[PDB]
Amino acid sequence: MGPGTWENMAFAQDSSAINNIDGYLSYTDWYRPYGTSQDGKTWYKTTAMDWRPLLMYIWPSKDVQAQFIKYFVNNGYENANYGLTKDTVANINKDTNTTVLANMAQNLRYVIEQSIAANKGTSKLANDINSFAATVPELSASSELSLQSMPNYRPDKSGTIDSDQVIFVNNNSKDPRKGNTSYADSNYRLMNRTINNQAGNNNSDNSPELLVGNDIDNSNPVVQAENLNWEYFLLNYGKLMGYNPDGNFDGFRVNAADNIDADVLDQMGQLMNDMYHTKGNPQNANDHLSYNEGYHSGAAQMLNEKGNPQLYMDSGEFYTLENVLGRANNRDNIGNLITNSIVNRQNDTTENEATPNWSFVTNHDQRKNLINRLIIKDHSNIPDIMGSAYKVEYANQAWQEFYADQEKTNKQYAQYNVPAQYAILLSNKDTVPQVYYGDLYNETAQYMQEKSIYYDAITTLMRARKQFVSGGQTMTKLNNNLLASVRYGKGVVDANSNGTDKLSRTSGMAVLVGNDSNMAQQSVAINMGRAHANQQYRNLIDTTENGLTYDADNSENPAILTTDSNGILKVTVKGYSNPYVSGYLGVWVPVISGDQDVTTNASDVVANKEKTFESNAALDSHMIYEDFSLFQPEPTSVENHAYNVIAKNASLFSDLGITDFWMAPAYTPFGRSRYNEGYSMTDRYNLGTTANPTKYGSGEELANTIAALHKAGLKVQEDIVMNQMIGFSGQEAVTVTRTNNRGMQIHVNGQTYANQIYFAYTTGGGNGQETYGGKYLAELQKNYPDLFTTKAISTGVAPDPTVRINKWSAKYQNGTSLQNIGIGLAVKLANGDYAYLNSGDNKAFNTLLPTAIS
Ligand SMILES: OC[C@H]1O[C@H](O[C@H]2[C@H](O)[C@@H](O)[C@@H](O[C@H]3[C@H](O)[C@@H](O)[C@@H](O[C@H]4[C@H](O)[C@@H](O)[C@@H](O[C@H]5[C@H](O)[C@@H](O)[C@@H](O)O[C@@H]5CO)O[C@@H]4CO)O[C@@H]3CO)O[C@@H]2CO)[C@H](O)[C@@H](O)[C@@H]1O
Ligand SMILES: OC[C@H]1O[C@H](O[C@H]2[C@H](O)[C@@H](O)[C@@H](O)O[C@@H]2CO)[C@H](O)[C@@H](O)[C@@H]1O
Ligand SMILES: OC[C@H]1O[C@H](O[C@H]2[C@H](O)[C@@H](O)[C@@H](O)O[C@@H]2CO)[C@H](O)[C@@H](O)[C@@H]1O
Ligand SMILES: [Ca+2]
């Protein structure tokens, strides 16, 4: 034919002229037409480089077409000679006559082609299309139906929106109005097999499958085998990488243990036991300490019934500390410190009975909640402030406000009684306490450059723990608002015991904590125990009008007090209000010369063939340290890499009694993630390189750091992250439904969507996944065949090592949190049929394209 408008057709019906996502078309994609024109008269053939946005030629509706014309004419594509002025476009809409809309749009292309020629390229055009798309709900985030759009929405301080989710469902339809995404089908996706609902018959926890990101299908047997591969890798990291051969993790902090199929917890425990013979051998289990993150108390029962392959996280203790000591006002009673925990500590004088647990005063999430609460307070007219309207500037402002508030007596945001919270945590029996990096150091400065105001107090408590803390515990109210927590010492079971150990006499501790700042002055009597009669005690910490003292400087008590013939210590006490104490804090330890370590070796405790972790004096001797913050800044040099700073300070951590070092998730971070912290990762096996370090450093430094920590006598755990990945660069056509965090369909302001093709980012994993994914499975099966014959609870089938995951995609994913791309990107014809390009391996339908590009 002669030249004309038919040259709007695609240059060819394949991926060389039409961009596509598994054969589907996107309105925001581009194609190569056969030719183009600036006037309707002369037509030039496209070269292979002359591509054009589909939105110049097709639209999801009349309405959107009218908006496209309106928008472009009002943003630099006005031309009176082609019937396109601000007026004339002024009142066109979906009810404008169809042939005048087509004609306006054809003339607009001529005007756009003049702009392209005038600007020698498509760059301005490309930005004008993106700006336009953002104004159209179905081509942008708002059609995804965020809960943030509800009227009078109150942002959540967590900084994630739980019920902003989509599930990936099966779709092998031949109906072109439904489409087909069968390559993302799964016979698994068993969702919410969490905690006690592992078998699908006990949802008393109601713990959600979905949190944030691309949620991984930990019910898929192939994925379960890949987690074993990943654990094995991390447990042998250094020698598998040819880096420091002693640079191998000893255990795991299990991220989101409440939000993944519980099979993987069983499986991790099984692996650890096969490799290291942990079950029934306290020495081995405790050398490979592992502990599960979670905020659901039902996990205690779950872990006990399983013989405790990991520690339970005692979140109730954390909330009790904050509600009793940490609020400004409406503090719960002091006695709640005794009872409101997974362990009652009123008179705890037995071993191997309590739920093996870890406890904390702060972690990175709790600091985050506080900073976000501040951000939300400071910027209250933005309902999507925790979503896409979040700005790092608001966090910086919040941190400036936080550090200032932390130093005050009358704190508006930061916690009260941080030292007293630690004094309780670090003396408690039947727990592995966890100290937070950000309570020892100003967490937004370069790594370990600035000590926190609480550094002196917490470190004093930490060193004293190693020296003195052991034996039975008794907590008792001295008055309605004041309590004494007493440890009786190594081999001293209870208040009536004489002591069975050479260190019995010179160990034990009394911690006095009150939470009423107006408490009247009074004398109090503390029962140190019958092993501690006529004994000198040092005033380790006492309260003053302005703060704390470590040498009894201007406190109510002297540097030494002495118990009577019954072992009673008499002490003066009162209410104070200063930056360190709102109420009272006092700590007493026996006088010694000089050095003492009450650590109970695991060889000397009762072993139980049915248990892995047991709560006894040997487990109690451990202390965990969380080495990171979410607000930890990017390093400014190799010397400031957290891994190098840590390696340099290895002996310090040992001196403080830390036995188990919790390292940040070390994985390659998604660059555009909010915090660059490692939970939002693109590669599970790349822990950074010299040229491209993570926030924390390179893999080579990590291995050296782990070896340095090992040389100082510590064990090291990795934050392992089975729940999600975030930052895939590969889009996939996936069939989805709008759900809450348990994958149940919901409405949002009366609207919803189900079984829709959505172009989710799902595919990736980096060269790490390509190289290391499933690499160790043949050897795991050779040495430990039981891993791949033990039938999982949730599925009824063993993990499957015959498939290697070299690349992640939707078929291994339960779904994703809303990706902020839009639910209407997928091109549909007038009749509702999905457009489809049959070409290559995309054979679901015959080629069906919009008539505009025929
Ligand atoms: O747009 C393409 C992109 O879409 C998807 O990712 C985006 C998410 O949909 C979106 O929500 C947003 O994600 C943010 C998140 O909103 C924000 O809160 C922050 O997430 C942090 C948590 O704040 C932080 O607490 C931590 O959470 C852990 C927690 O430590 C742990 O103790 C326990 O609670 O489990 C949590 C999960 O392991 O880490 C997360 C992760 O960093 O930051 C997120 C990322 O900035 O933005 C996403 C990216 O654009 C898809 O998933 C992605 O593949 C696509 O590329
Ligand atoms: O005008 C923008 C952009 O167009 C072309 O990009 C094509 C690319 O050639 C295709 O392989 C595929 O990725 O689709 C793209 C459509 O945006 C040009 O090649 C490129 O130089 C130019 O900037
Ligand atoms: O945010 C940029 C970049 O910061 C960090 O890289 C540092 C690097 O560690 C230093 O040695 C030095 O070269 O400066 C770089 C930044 O200017 C992070 O390691 C990296 O993840 C991050 O992308
Ligand atoms: Ca999950």
# chains A, B, ... in the order shown; residues from 1 in each chain; ligands from 1

$ residues_near_ligand --ligand "ligand 3" --cutoff "7 Å" --atoms "only C-alpha atoms and all ligand atoms" --output "number ranges by chain"
A: 634-638, 641, 671, 692-697

$ residues_near_ligand --ligand "ligand 2" --cutoff "7 Å" --atoms "only C-alpha atoms and all ligand atoms" --output "list in words"
residues 19, 29, 30, 31, 48, 49, 50, 51, 52, 121, 122, 123 and 126 of chain A

$ closest_residue --among "A:806, A:632, A:578, A:409" --to "residue 770 in chain A" --atoms "only C-alpha atoms"
A:806

$ residues_around --residues "range 846-852 of chain A" --least-positions-apart "3" --cutoff "9 Å" --atoms "only C-alpha atoms" --output "JSON, numbers by chain"
{"A": [6, 8, 9, 13, 23, 25, 57, 58, 827, 828, 829, 830, 833, 834, 835, 836, 837, 838, 839, 843]}

$ closest_residue --among "A:757, A:375, A:797, A:1" --to "residue 26 in chain A" --atoms "only C-alpha atoms"
A:757

$ closest_atom_pairs --of "chain A" --to "ligand 4" --cutoff "6 Å" --atoms "only C-alpha atoms and all ligand atoms" --output "JSON lines"
{"residue": "A:209", "atom": "CA", "partner": "ligand 4", "partner_atom_place_in_ligand_line": "1 (Ca)", "distance": 4.1}
{"residue": "A:210", "atom": "CA", "partner": "ligand 4", "partner_atom_place_in_ligand_line": "1 (Ca)", "distance": 4.7}
{"residue": "A:215", "atom": "CA", "partner": "ligand 4", "partner_atom_place_in_ligand_line": "1 (Ca)", "distance": 5.1}
{"residue": "A:259", "atom": "CA", "partner": "ligand 4", "partner_atom_place_in_ligand_line": "1 (Ca)", "distance": 4.6}
{"residue": "A:260", "atom": "CA", "partner": "ligand 4", "partner_atom_place_in_ligand_line": "1 (Ca)", "distance": 4.4}
{"residue": "A:723", "atom": "CA", "partner": "ligand 4", "partner_atom_place_in_ligand_line": "1 (Ca)", "distance": 4.7}

$ write_last_selection --atoms "N, CA, C and O atoms" --output "mmCIF file, in the first residue's frame"
data_model
loop_
_atom_site.group_PDB
_atom_site.id
_atom_site.type_symbol
_atom_site.label_atom_id
_atom_site.label_comp_id
_atom_site.auth_asym_id
_atom_site.auth_seq_id
_atom_site.Cartn_x
_atom_site.Cartn_y
_atom_site.Cartn_z
ATOM 1 N N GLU A 209 0.051 -15.034 57.708
ATOM 2 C CA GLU A 209 1.048 -15.452 56.744
ATOM 3 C C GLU A 209 1.812 -14.250 56.215
ATOM 4 O O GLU A 209 3.016 -14.312 56.033
ATOM 5 N N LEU A 210 1.123 -13.145 56.000
ATOM 6 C CA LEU A 210 1.708 -12.049 55.258
ATOM 7 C C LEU A 210 2.097 -10.910 56.153
ATOM 8 O O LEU A 210 1.338 -10.533 57.024
ATOM 9 N N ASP A 215 5.996 -12.498 49.680
ATOM 10 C CA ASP A 215 5.926 -13.560 50.691
ATOM 11 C C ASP A 215 6.250 -14.931 50.076
ATOM 12 O O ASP A 215 5.616 -15.354 49.067
ATOM 13 N N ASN A 259 5.232 -16.173 61.092
ATOM 14 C CA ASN A 259 4.599 -15.829 59.809
ATOM 15 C C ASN A 259 5.114 -16.669 58.636
ATOM 16 O O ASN A 259 4.954 -16.290 57.495
ATOM 17 N N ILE A 260 5.669 -17.832 58.931
ATOM 18 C CA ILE A 260 6.119 -18.788 57.934
ATOM 19 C C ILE A 260 5.580 -20.125 58.364
ATOM 20 O O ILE A 260 5.465 -20.384 59.590
ATOM 21 N N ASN A 723 10.845 -15.412 55.325
ATOM 22 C CA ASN A 723 9.485 -14.949 55.091
ATOM 23 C C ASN A 723 9.263 -14.310 53.742
ATOM 24 O O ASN A 723 8.244 -14.574 53.101
#

$ residues_around --residues "range 175-189 of chain A" --least-positions-apart "2" --cutoff "6 Å" --atoms "only C-alpha atoms" --output "PDB file with N, CA and C atoms, in the first residue's frame"
ATOM      1  N   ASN A 170      -4.055 -19.679  41.311  1.00  0.00           N
ATOM      2  CA  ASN A 170      -3.911 -20.469  40.102  1.00  0.00           C
ATOM      3  C   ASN A 170      -4.876 -20.003  39.012  1.00  0.00           C
ATOM      4  N   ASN A 171      -4.409 -20.035  37.763  1.00  0.00           N
ATOM      5  CA  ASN A 171      -5.209 -19.642  36.620  1.00  0.00           C
ATOM      6  C   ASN A 171      -4.669 -20.314  35.355  1.00  0.00           C
ATOM      7  N   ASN A 172      -5.297 -21.435  35.014  1.00  0.00           N
ATOM      8  CA  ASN A 172      -5.018 -22.179  33.791  1.00  0.00           C
ATOM      9  C   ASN A 172      -6.217 -22.144  32.827  1.00  0.00           C
ATOM     10  N   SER A 173      -6.896 -21.005  32.760  1.00  0.00           N
ATOM     11  CA  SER A 173      -8.109 -20.874  31.955  1.00  0.00           C
ATOM     12  C   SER A 173      -7.799 -20.740  30.451  1.00  0.00           C
ATOM     13  N   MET A 191      -1.271 -21.427  53.331  1.00  0.00           N
ATOM     14  CA  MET A 191      -1.093 -20.176  54.050  1.00  0.00           C
ATOM     15  C   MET A 191      -1.560 -20.286  55.496  1.00  0.00           C
ATOM     16  N   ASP A 217       6.612 -18.945  49.609  1.00  0.00           N
ATOM     17  CA  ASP A 217       5.816 -20.137  49.921  1.00  0.00           C
ATOM     18  C   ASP A 217       6.671 -21.206  50.626  1.00  0.00           C
ATOM     19  N   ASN A 220       5.961 -24.959  50.136  1.00  0.00           N
ATOM     20  CA  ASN A 220       6.355 -25.668  48.907  1.00  0.00           C
ATOM     21  C   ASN A 220       7.566 -26.558  49.258  1.00  0.00           C
ATOM     22  N   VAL A 734       0.804 -12.218  36.790  1.00  0.00           N
ATOM     23  CA  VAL A 734       0.429 -13.090  37.861  1.00  0.00           C
ATOM     24  C   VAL A 734      -1.077 -12.849  38.065  1.00  0.00           C
ATOM     25  N   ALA A 810       7.115 -16.295  40.807  1.00  0.00           N
ATOM     26  CA  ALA A 810       5.825 -16.294  41.484  1.00  0.00           C
ATOM     27  C   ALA A 810       5.386 -17.658  41.979  1.00  0.00           C
ATOM     28  N   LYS A 811       5.737 -18.706  41.235  1.00  0.00           N
ATOM     29  CA  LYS A 811       5.363 -20.059  41.615  1.00  0.00           C
ATOM     30  C   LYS A 811       5.905 -20.502  42.984  1.00  0.00           C
ATOM     31  N   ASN A 814       3.611 -16.894  47.857  1.00  0.00           N
ATOM     32  CA  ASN A 814       2.201 -16.832  48.247  1.00  0.00           C
ATOM     33  C   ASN A 814       1.506 -15.575  47.728  1.00  0.00           C
ATOM     34  N   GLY A 832     -13.334  -7.123  26.788  1.00  0.00           N
ATOM     35  CA  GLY A 832     -12.785  -7.705  28.019  1.00  0.00           C
ATOM     36  C   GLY A 832     -11.698  -8.746  27.795  1.00  0.00           C
ATOM     37  N   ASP A 833     -11.484  -9.201  26.562  1.00  0.00           N
ATOM     38  CA  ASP A 833     -10.394 -10.165  26.300  1.00  0.00           C
ATOM     39  C   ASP A 833      -9.046  -9.519  26.586  1.00  0.00           C
ATOM     40  N   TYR A 834      -8.170 -10.230  27.298  1.00  0.00           N
ATOM     41  CA  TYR A 834      -6.787  -9.791  27.454  1.00  0.00           C
ATOM     42  C   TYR A 834      -6.095  -9.810  26.083  1.00  0.00           C
TER      43      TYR A 834
END

$ closest_atom_pairs --of "chain A" --to "ligand 1" --cutoff "8 Å" --atoms "only C-alpha atoms and all ligand atoms" --output "Markdown table"
| residue | atom | partner | partner_atom_place_in_ligand_line | distance |
| --- | --- | --- | --- | --- |
| A:158 | CA | ligand 1 | 23 (O) | 6.4 |
| A:159 | CA | ligand 1 | 18 (O) | 4.2 |
| A:160 | CA | ligand 1 | 18 (O) | 4.3 |
| A:161 | CA | ligand 1 | 16 (O) | 7.1 |
| A:164 | CA | ligand 1 | 11 (O) | 8.0 |
| A:211 | CA | ligand 1 | 37 (C) | 6.5 |
| A:212 | CA | ligand 1 | 11 (O) | 5.7 |
| A:213 | CA | ligand 1 | 52 (O) | 3.2 |
| A:214 | CA | ligand 1 | 52 (O) | 4.3 |
| A:215 | CA | ligand 1 | 52 (O) | 7.8 |
| A:255 | CA | ligand 1 | 31 (C) | 5.9 |
| A:256 | CA | ligand 1 | 35 (O) | 5.1 |
| A:293 | CA | ligand 1 | 32 (O) | 6.9 |
| A:364 | CA | ligand 1 | 30 (O) | 6.9 |
| A:365 | CA | ligand 1 | 25 (O) | 5.4 |
| A:368 | CA | ligand 1 | 25 (O) | 7.1 |
| A:386 | CA | ligand 1 | 16 (O) | 7.0 |
| A:387 | CA | ligand 1 | 16 (O) | 5.9 |
| A:388 | CA | ligand 1 | 12 (C) | 7.7 |
| A:630 | CA | ligand 1 | 24 (C) | 7.4 |
| A:670 | CA | ligand 1 | 49 (C) | 7.8 |
| A:672 | CA | ligand 1 | 46 (O) | 6.4 |
| A:673 | CA | ligand 1 | 46 (O) | 3.2 |
| A:674 | CA | ligand 1 | 46 (O) | 3.6 |
| A:675 | CA | ligand 1 | 42 (O) | 6.1 |
| A:676 | CA | ligand 1 | 42 (O) | 6.9 |
| A:677 | CA | ligand 1 | 42 (O) | 6.5 |
| A:678 | CA | ligand 1 | 42 (O) | 6.7 |
| A:679 | CA | ligand 1 | 41 (C) | 4.7 |
| A:680 | CA | ligand 1 | 42 (O) | 4.1 |
| A:681 | CA | ligand 1 | 42 (O) | 7.9 |
| A:721 | CA | ligand 1 | 38 (O) | 6.3 |
| A:723 | CA | ligand 1 | 38 (O) | 6.4 |
| A:724 | CA | ligand 1 | 38 (O) | 6.5 |
| A:725 | CA | ligand 1 | 52 (O) | 6.3 |
| A:726 | CA | ligand 1 | 54 (O) | 3.9 |
| A:727 | CA | ligand 1 | 56 (O) | 3.5 |
| A:728 | CA | ligand 1 | 54 (O) | 4.5 |
| A:729 | CA | ligand 1 | 56 (O) | 6.2 |
| A:760 | CA | ligand 1 | 55 (C) | 7.4 |
| A:761 | CA | ligand 1 | 55 (C) | 5.1 |
| A:762 | CA | ligand 1 | 54 (O) | 6.0 |
| A:816 | CA | ligand 1 | 52 (O) | 5.8 |
| A:817 | CA | ligand 1 | 9 (O) | 4.4 |
| A:818 | CA | ligand 1 | 9 (O) | 4.8 |
| A:819 | CA | ligand 1 | 4 (O) | 3.7 |
| A:820 | CA | ligand 1 | 1 (O) | 5.4 |
| A:821 | CA | ligand 1 | 1 (O) | 6.7 |

$ closest_atom_pairs --of "range 573-626 of chain A" --to "range 533-550 of chain A" --cutoff "7 Å" --atoms "only C-alpha atoms" --output "Markdown table"
| residue | atom | partner | partner_atom | distance |
| --- | --- | --- | --- | --- |
| A:576 | CA | A:545 | CA | 6.2 |
| A:578 | CA | A:546 | CA | 5.4 |
| A:579 | CA | A:547 | CA | 6.5 |
| A:580 | CA | A:547 | CA | 5.4 |
| A:581 | CA | A:547 | CA | 6.8 |
| A:584 | CA | A:543 | CA | 6.5 |
| A:585 | CA | A:543 | CA | 5.8 |
| A:586 | CA | A:542 | CA | 4.6 |
| A:587 | CA | A:541 | CA | 5.1 |
| A:588 | CA | A:539 | CA | 5.1 |
| A:589 | CA | A:537 | CA | 5.3 |
| A:590 | CA | A:537 | CA | 4.3 |
| A:591 | CA | A:537 | CA | 5.3 |
